[PDB]
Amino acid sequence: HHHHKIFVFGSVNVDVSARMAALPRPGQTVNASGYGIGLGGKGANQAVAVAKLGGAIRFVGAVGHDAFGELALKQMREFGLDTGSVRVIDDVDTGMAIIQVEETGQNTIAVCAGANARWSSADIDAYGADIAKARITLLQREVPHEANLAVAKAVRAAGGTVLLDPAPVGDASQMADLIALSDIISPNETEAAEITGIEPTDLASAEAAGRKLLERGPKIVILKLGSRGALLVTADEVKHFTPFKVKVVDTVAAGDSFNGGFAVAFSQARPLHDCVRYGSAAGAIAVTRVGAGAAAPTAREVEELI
């Protein structure tokens, strides 16, 4: 066995996805050609991504005591994720999202916090042992802010590393004090646009956007630029990482794969450059497929691409 070097705290959802010819207009009933139900949520997705890439992973999230919660746990373990630290809350509904997708790819999403919204800064104290010994710690913005803050404080207290995915941006000022406690931050084009006000329209403006993030507490900024690669910005360097050429199929939650892959290399003490490249390759393989379950990138697939 292996000590848990990566700690992920974040949301657990059951995603109900439907494919249809046309999205329903207000007041309209339409037909869909099919649907699926699978594990979802920024927390569980990133934790799974770390697991499929070989990381020693400890995921902490909450499901309800209901049929969707039993489904979320059953999937995560089918995905090699130990659910020992996943809270089961009786008298709350499991978080869950409604995803409607039409032929052209346009979609509408609606998310119910469910068991994710029950986290308090006090509930985090129970995991301070696991957090304090974790080499890197992944957060998102799909759980209550006081709970994310409590994790970030604990990490600073132990002198660890907080990787923050600032997604969804939400209240930008409310996350200003979360970013201050983060050690690494990985915004995409939109998120960096709201946090700094600078739209990363090209590589010169994206470097200016990253240098503004250096002023807010993070020491490493990794601007996820989608099809145009990634930009690593620090006080001491700026390096563009060329995107990997792949057949694009479904680009949803590629960033979630990116953070996971980065966190696995980081937990392995690989040099920072190798960490960014491992994340960018994990994201590249994540677009070549549909979904982030069994189709999530593995170490074998990623390293062959590299």
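So that there is no doubt, residue numbering starts at 1 and follows the sequence shown.
A.B. asks: I need to verify one thing: averaged over C-alpha atoms only, is the B-factor higher for 268-276 or for 39-47?
C.D. replies: The deposited B-factors put 268-276 ahead on the C-alpha mean.
A.B. asks: Which of the two stretches, 50-58 or 242-250, shows the higher mean Cα temperature factor in the record?
C.D. replies: Taking the mean C-alpha B-factor of 50-58 and of 242-250, the larger value falls to 242-250.
A.B. asks: Among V12, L23, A295, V16, which carries the highest Cα B-factor?
C.D. replies: The C-alpha B-factor peaks, among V12, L23, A295, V16, at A295.
A.B. asks: Sort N116, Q100, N148, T196 by C-alpha B-factor from the entry and give me just the highest.
C.D. replies: Highest CA B-factor of the listed options: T196.
A.B. asks: Within this chain, which third does the Cα B-factor at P187 fall in: lowest, middle or highest?
C.D. replies: For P187, the deposited C-alpha B-factor lands in the middle third.
A.B. asks: By the recorded C-alpha temperature factor, relative to the other modelled residues in its chain, which third is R87 in?
C.D. replies: It falls in the bottom third of the chain.
A.B. asks: In terms of the CA temperature factor given in the entry, to which third of its chain does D177 belong: lowest, middle or highest?
C.D. replies: Its C-alpha B-factor, which the entry lists for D177, ranks in the middle third among residues of this chain.
A.B. asks: State the tercile, meaning the lowest, middle or highest third, of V302 with respect to the CA B-factors recorded for its chain.
C.D. replies: For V302, the deposited C-alpha B-factor lands in the highest third.
A.B. asks: Would you please rank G69 by its C-alpha temperature factor against the other modelled residues of its chain and give the third it falls in: lowest, middle or highest?
C.D. replies: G69: CA B-factor falls in the middle third of its chain.
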